[PDB]
There are 2 protein chains.
Amino acid sequence: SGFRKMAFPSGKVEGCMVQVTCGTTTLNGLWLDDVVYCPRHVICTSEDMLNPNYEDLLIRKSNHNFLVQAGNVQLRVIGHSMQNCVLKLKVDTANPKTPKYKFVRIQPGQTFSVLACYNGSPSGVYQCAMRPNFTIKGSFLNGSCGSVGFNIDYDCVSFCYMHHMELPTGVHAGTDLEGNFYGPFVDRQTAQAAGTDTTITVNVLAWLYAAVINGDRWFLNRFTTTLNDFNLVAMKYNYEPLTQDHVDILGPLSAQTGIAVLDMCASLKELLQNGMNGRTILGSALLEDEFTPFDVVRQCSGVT
Amino acid sequence: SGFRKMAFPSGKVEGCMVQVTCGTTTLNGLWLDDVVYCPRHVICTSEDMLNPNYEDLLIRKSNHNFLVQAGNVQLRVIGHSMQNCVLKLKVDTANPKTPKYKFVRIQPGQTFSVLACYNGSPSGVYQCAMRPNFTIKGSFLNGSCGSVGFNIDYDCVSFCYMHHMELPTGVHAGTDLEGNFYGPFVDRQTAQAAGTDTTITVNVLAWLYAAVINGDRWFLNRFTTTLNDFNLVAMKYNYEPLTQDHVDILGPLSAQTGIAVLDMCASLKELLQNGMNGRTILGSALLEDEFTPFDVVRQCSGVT
Ligand SMILES: Cc1cc(C)cc(CC(=O)Nc2nncn2C)c1
Ligand SMILES: Cc1cc(C)cc(CC(=O)Nc2nncn2C)c1
């Protein structure tokens, strides 16, 4: 028992991190097979970032201008191309440590682990959620760009995120591995509105089930609710509307605990309307939304 | 910017995990050089665990009874010995993936990453603190025993913890890598009092400095305090007494932010006496004590 904000073991991803330098900018790259993927802003100086013409900036660069180092060994760049906001640097050597992998575009509300890196070296790993507004609340300093987000299903790493920037508000924006930004964000140093964010209702409910499984039960009540009634409360408190698809995904947790999803919704309703009253759930004094129903099942069953 | 409960990259430790089976019990082992380290209770059946005579149980076991598998390959056991609560299984092959390592005994209040494993396979990684009462609040199910805690300084892994058991209260107990339990705990299925726990004051102050660095400043006030006055408040709220050694370790964070340690203590005093008033600090609605001053400096500077 016990429930923690657990990240995936990062080893398979650590073996893919490289340092990419172009001119005076250094950031991280992801080496999979004979291709290194990195944010295209590696070709910019901070001066260019105000309004960069990436096509023009990339034309002034040749394969020999992209310095790729994997630990202490230099990779020979034999091709370069821009795909959306990522550069793909073809190298003459396939990464011997390339794990089985996929590139996936996750949905808002889904979770993933981030391996924060600097100069191609791993600094740490943490679990986070893609917010409903397509930002992430990470921990990224200058040089962290190119650090990636991922999930792991047994031996296959699904890469879902590459870090590109910090918004003026301190939240983080990035792309899938085809270079497409999550959200309306552009790789330009400009005012960028992240939309209104909401709490991931299905995740909070999943976390309440994890709390019951692990012994924290004080919030369970004698009430029930309907999806319509619950959604009027979810609206007031800036929670995502709960759908039958969300109830269906909570099925296994409802079956394991014997607590009907709408009964757990009534507990969540009372917690929203009355607060925690100075009490905690799984060591938290707020309603946690960074665990999906899949994460709860995985952690509660010990999937490796 | 941003501040997360970051774990160390687990790759170097993942390469050391093996599965150890003895009779009908399977748990995790740590393979470093030609030695596999695992909890000695691998030789017990649940029946033995009520009051085990480990010396007698181990005498009935031979090298061929310890089945050690590293992924899918079998290791040949050529020696076995018990050191405190750990078994050391000498194998005929040195782990090719053995990183530079040390065995260290951490102090209460210090933090480390745990690589949770099942059947010798990694499931996830999370950061936690050794509580002042020498327990840890982890996430461990049946089969997680032998999972280890560690810190990493550049290329050297300092192993500090090996998981052994869950107390009847749901908190976790384990040993250093020489098999010595942290705390008064015994590897026996019996009633075991974990002492009174307290909040790690120096860590909360370190986390308040991290909050100021990352923009969360609402808690800063016009007050100061003394170590004596602060400790009267720390006593009332079950916080560890702050010492000059703790103030000295907070030195770098005080210098970086320009906020005197006793001024930050006055903010902490007001937060203890008045609460958060429904506000948050770094995404938390409680005072976080699982970040040491070293962790804050490391994360705020991007150490790899
Ligand atoms: C001027 C400029 C403009 C853009 C669009 C991107 C960057 C990189 C960046 O913000 N990186 C970073 N990652 N975490 C925190 N920070 C500061 C820089
Ligand atoms: C009966 C008995 C007695 C002892 C002293 C140890 C064990 C292993 C154990 O408790 N392992 C475990 N690790 N996380 C959660 N749990 C249940 C079993």
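The chains referred to below are lettered A, B, ... by the order of the sequence lines, with proteins before strands, and numbering in each begins at 1. Both ligands and their constituent atoms are indexed starting at 1 by order of listing.
- Atoms of ligand 1 found under 4.0 Å from any heavy atom of A/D187, numbered from 1 in the order shown, are 5 (C).
- A parallel orientation is assigned to the rings of B/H163 and B/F140, their planes being inclined by less than 30° (bins at 30° and 60°).
- For B/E166, heavy-atom contacts with ligand 2 shorter than 4.0 Å involve the backbone as well as the side chain.
- With hydrogens and angles disregarded, no donor-acceptor distance shorter than 3.5 Å links the side chain of B/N180 to the backbone of B/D176.
- For the pair B/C145 and ligand 2, a heavy-atom separation below 4.0 Å is found.
- Scanning the protein for heavy atoms near atom 17 (C) of ligand 2, the closest one is B/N142 OD1, 3.3 Å.
- Checked for salt-bridge contact, A/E290 and B/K5 miss the test: no charged N lies under 4.0 Å from a carboxylate O.
- A ring-ring contact (aromatic ring centres under 6.0 Å, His included) with A/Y37 is found for one member of A/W31, A/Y161, A/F103 and no other, namely A/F103.
- Close N/O approach between A/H163 and ligand 1 is found [any backbone or side-chain N/O within under 3.5 Å].
- Listed by chain and residue number, B/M49, B/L50 satisfy the side-chain contact (heavy atoms from CB on, under 4.5 Å) test with B/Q189 (two or more places apart in sequence, or in another chain).
- Closest non-hydrogen pair, A/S121 versus B/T304, comes out as O-CG2, 3.3 Å.
- Of the protein's non-hydrogen atoms, the one nearest atom 6 (C) of ligand 2 is B/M165 CB, 3.7 Å.
- Nearest to atom 4 (C) of ligand 2 by heavy-atom distance, out of B/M49, B/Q192, B/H164, B/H172, is B/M49.
- Atoms of ligand 1 lying under 4.0 Å from any heavy atom of A/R188, numbered from 1 in the order shown and given with element: 5 (C).
- Looking from atom 15 (C) of ligand 2 to the surrounding protein, the closest heavy atom is B/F140 O, 3.0 Å.
- A/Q19 and A/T26 form no side-chain donor-acceptor contact under 3.5 Å, judged by distance and modelled atom types alone.
- Every atom of ligand 1 is numbered from 1 in the order shown, and the set under 4.0 Å from a heavy atom of A/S144 is 13 (N), 14 (N).
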